[PDB]
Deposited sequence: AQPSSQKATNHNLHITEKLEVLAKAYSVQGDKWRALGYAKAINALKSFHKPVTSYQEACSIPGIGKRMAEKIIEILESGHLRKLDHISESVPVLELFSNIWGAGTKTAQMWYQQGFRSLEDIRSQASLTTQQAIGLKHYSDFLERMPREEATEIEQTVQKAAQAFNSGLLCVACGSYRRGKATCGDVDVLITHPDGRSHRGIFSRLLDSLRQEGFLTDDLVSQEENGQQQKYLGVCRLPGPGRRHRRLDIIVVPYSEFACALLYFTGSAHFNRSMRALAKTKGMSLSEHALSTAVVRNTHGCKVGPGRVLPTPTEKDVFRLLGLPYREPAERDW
């Protein structure tokens, strides 16, 4: 739907975000969404005030954009913001690191390459800078998930592998590939990361590891980098989680998202004296875990109608 007030607001929101004002940025995000959810182009100050997520200050900005066709605050955004955005788009660097690099006089990725001290993660993020900002066709995400599934089912064919994130939400393109792995017997998921990752390494599929606590038998996730074989391939981000079957629905719901949708659902759980995580839906406090064999049960226990993954793309 709408509109063009949001276009101005998003510039401001991004400026707040990269500069580290996360809660103010959150407020803008919620306002921007409320605006995008409204059917009718907002006209009245009082109208743009009745909307949940819109207050006195967001209203005024809306009124100025309606009257003047401009938001004066956009003329006074710090000159640092484009460089902060450039730096924080390095995987493994966030606002704190970006701000420090900026304070140290760095202005370009060449500055970072030649003069900044990089964490192991950040060096990987930098060397794949363009690739990690690309989205892949969902056809490619299928190939990547199948690669993971084949390696997994090769040593335990009962392993259940499901591509989640934007892929499961049906998006045409994917930022990365998110794969959930579990086992219906409730125990054969334990300790498999070593075997799975070793297998994917043997064929040269994995190219870099970002987060992978392989000294821990209770490792929950792998975040890394892969590349399919042959010409015309880019490096793609790969995220794998391995979960016990008892937590399947909550893990699936979480990993499917969207992130915004997860936050909304967890917010709602709080209002009902409950707590929702990737492990379980509980009553609040620890608390008592509720039985959730399927995603549908999570919605039901929260008093919600079920939403298909494509309807969770918030």
item: Unmodelled intervals of the deposited chain, in order; value: 1 to 10, 296 to 305
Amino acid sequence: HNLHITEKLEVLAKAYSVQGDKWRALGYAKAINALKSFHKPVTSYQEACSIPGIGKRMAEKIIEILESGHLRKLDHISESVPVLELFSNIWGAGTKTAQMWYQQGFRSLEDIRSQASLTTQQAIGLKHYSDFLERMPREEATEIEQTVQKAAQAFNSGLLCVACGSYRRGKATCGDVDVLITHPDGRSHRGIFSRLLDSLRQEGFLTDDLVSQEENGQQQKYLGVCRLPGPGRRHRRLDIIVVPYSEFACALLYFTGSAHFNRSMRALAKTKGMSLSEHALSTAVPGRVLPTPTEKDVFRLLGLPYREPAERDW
From here on, numbers count along this sequence of modelled residues.
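Rigid core here is just the name for the largest C-alpha set that superposes within 1.5 Å across the two forms.
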{"item": "Stretch with larger C-alpha RMS deviation in 5 other deposited structures of this protein, core superposed, 150 to 158 versus 84 to 92", "value": "150 to 158"}
{"item": "Stretch with larger C-alpha RMS deviation in 5 other deposited structures of this protein, core superposed, 174 to 182 versus 214 to 222", "value": "214 to 222"}
{"item": "Mean C-alpha B-factor comparison - 246 to 254 and 264 to 272, higher one", "value": "264 to 272"}
{"item": "Stretch exceeding the other in mean C-alpha B-factor - 194 to 202, 126 to 134", "value": "194 to 202"}
{"item": "Peak C-alpha temperature factor (PDB record), options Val162, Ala141, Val148, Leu74", "value": "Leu74"}
{"item": "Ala152 - Cα temperature factor, lowest/middle/highest third of chain", "value": "highest"}
{"item": "Entry-reported Cα temperature factor of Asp185, expressed as the chain third it lands in", "value": "highest"}
{"item": "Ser277, C-alpha B-factor rank within chain (lowest, middle or highest third)", "value": "lowest"}
{"item": "Ranked against its chain, the third holding the CA B-factor of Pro229", "value": "middle"}
